[PDB]
Amino acid sequence: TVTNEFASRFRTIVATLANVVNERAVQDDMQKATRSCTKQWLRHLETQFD
Amino acid sequence: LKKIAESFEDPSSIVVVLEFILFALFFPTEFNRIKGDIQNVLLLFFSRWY
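These protein sequence lines map, in sequence, to chains A and B. Sequential numbering from 643 applies to the first sequence in UniProt numbering. Sequential numbering from 495 applies to the second sequence in UniProt numbering.
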């Protein structure tokens, strides 16, 4: 396989699990900088798994 | 092509993509011979964003 399969399934976990995190930063609505620095952490976390 | 290894995550990592779009417009003769692997390091970019 060109790009490993097992890891590409993990990307779907992060893809939709992060969408759920937004609906809490709309009720508790924090400034962009806060909601961004968490959505940036899931990028690093996921790219390690690769 | 001299291997350029990196993973696209930050929106600011467009520099490594724009580096080919610029190289392919100065030396179309030289880009026509290593279009092969310059492709697969860019095929990695397409799995991540789209």
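We put the CB at the ideal spot given by N, CA and C, even for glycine.
Check                                                                                                          : Outcome
Neighbour list for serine 506 of chain B in chain A, Cβ cutoff strictly below 7 angstroms                      : Correct list: empty, because the minimum Cβ distance to chain A is about 11 angstroms.
C-alpha gap between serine 650 of chain A and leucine 538 of chain B, whole angstroms                          : 12 angstroms
CB contact below 8 angstroms: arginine 666 of chain A versus chain B                                           : no
Interface flag, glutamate 503 of chain B vs chain A, CB-CB below 8 angstroms                                   : yes
Host alpha helix (DSSP H) of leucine 516 of chain B (start-end)                                                : 509-517
Residue burial classification, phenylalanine 691 of chain A (beta-carbon count within 10 angstroms, cutoff 16) : exposed
Under 9 angstroms by beta carbon: chain B residues contacting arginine 685 of chain A                          : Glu503, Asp504
As assigned by DSSP and simplified to three states, the class of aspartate 692 of chain A                      : coil
Span of the alpha helix (DSSP H), counted from its first residue to its last, around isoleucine 655 of chain A : 647-664
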